[PDB]
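Have a look below at one chain only, the form deposited in one PDB entry, in structure tokens format.
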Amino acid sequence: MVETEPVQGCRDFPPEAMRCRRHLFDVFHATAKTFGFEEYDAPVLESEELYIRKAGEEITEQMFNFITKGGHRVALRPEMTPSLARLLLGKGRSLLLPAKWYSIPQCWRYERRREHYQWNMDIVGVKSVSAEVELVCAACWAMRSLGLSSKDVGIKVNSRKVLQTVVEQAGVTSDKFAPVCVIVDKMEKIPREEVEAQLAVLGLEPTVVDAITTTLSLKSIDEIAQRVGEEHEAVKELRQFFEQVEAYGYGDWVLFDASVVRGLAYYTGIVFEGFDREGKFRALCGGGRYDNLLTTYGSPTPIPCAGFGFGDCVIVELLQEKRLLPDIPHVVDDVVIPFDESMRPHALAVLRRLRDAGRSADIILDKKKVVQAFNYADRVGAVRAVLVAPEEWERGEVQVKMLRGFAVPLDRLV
């Protein structure tokens, strides 16, 4: 016997499971179309150098990499954003801006699952918070389309610029700001003692550490304004963001949370993440603005960007908990049934007619009795059974039976 289990940490999607995945992806595609985003894709295999950021990111640490026979260092992508930037950079100033690009790549890791699909949505060339507004509204729209409400989920929002100021003002070199965000990102998950210890190892003293902890636990935007003024660029941007989301009609879906930083080095501005309001699951999605990445890739001119990723695993757990993923059985419009094998040529002509009319149709393929053919029709979820028998055929007719029998002229079948 060959090994029937898939490779470690990887999923099979036989038809039943594939229908569930399609239910999800259909929503990602449909939301992207609704919001005017354009699809793209890139190879699952990228150069490892693409991901060397040196900020202690979990994503870059857990990289599924290997060496080709040719000696080239490659990885199965841990995320899509670097691939997106490569594409954008490759287009040069022929790229028309603003650009709104989406994809649903399988991404990988090695440490538990080693693969997941991740809906990616990115707006490129837009400096203002309107980009983040649209992105967050798109994530809410996807969740609403799956049957969830603002009672089930929300999106927590913050800006890294608040922390940027505190870190700069405390005398810390800005090369440590990204590593700091990575550490601070672990705040909720591990003990405060341990997070402070990690900040200590970076070469930051207790005073600096205190200033960071205090700002992360500020519970409102007015309180941020007290620490940094009402006209600190982050205050205006957040307020603008909330005003715009409210005008769009998703005000009940979003809220401020000063503890949201995200785990990736490249975010520079607004950051956000989706969560379930029962506090049972990990983040549903996550993103933010990353205005410097393209500059760090060698873009001659800075290109503002913002986007998010939205994984396939947590959302499904949530939807299952809420009873929003019932199995949808397979369906087919018609099952054509030869009365016997001598009727097969005629039944094939009928099959052609039905498909020509845009219907989905099967024909009984092997030899079986009429009753078993009706049972098969039921099992495959046929709406209609079309029996092709000698006597009806002589009359220019077939027998039609709605499954969820009467003689009908061929032409009236469709």
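Rigid core (definition): largest C-alpha set, two forms, superposition within 1.5 Å. The numbering used is simple: start at 1 and walk along the sequence shown.
Choosing between 42-50 and 66-74, the greater Cα displacement from the shown form in 8 other deposited structures of this protein, fitted by the core, goes with 66-74. Counting the unmodelled positions of the deposited sequence between residue 111 and residue 112 gives a gap of 4 to 9 residues. Per the record, residue 404 and residue 405 are separated by 10 or more deposited residues that are missing from the model.
Stretches compared: 352-360, 45-53. Higher mean C-alpha B-factor in the entry: 45-53. Stretches 394-402 and 14-22 differ in mean C-alpha B factor, with the higher average recorded for 394-402. Note on the listed residues 231, 115, 257, 243: the highest Cα temperature factor in the record is that of 231. Out of 195, 303, 140, 261, it is 195 whose C-alpha atom has the highest B-factor in the PDB entry. The entry lists a Cα temperature factor for residue 249 that places it in the middle third of the chain's modelled residues. For residue 375, the recorded CA B-factor ranks within the middle third of the chain. Only modelled residues enter the ranking. Per the PDB record, residue ranking by Cα B-factor puts residue 278 in the middle third of the chain. Annotation for residue 341: C-alpha temperature factor in the middle third relative to the rest of the modelled chain, per the entry. Placement of the Cα temperature factor of residue 333 within the chain: lowest third of the modelled residues, per the deposited record.
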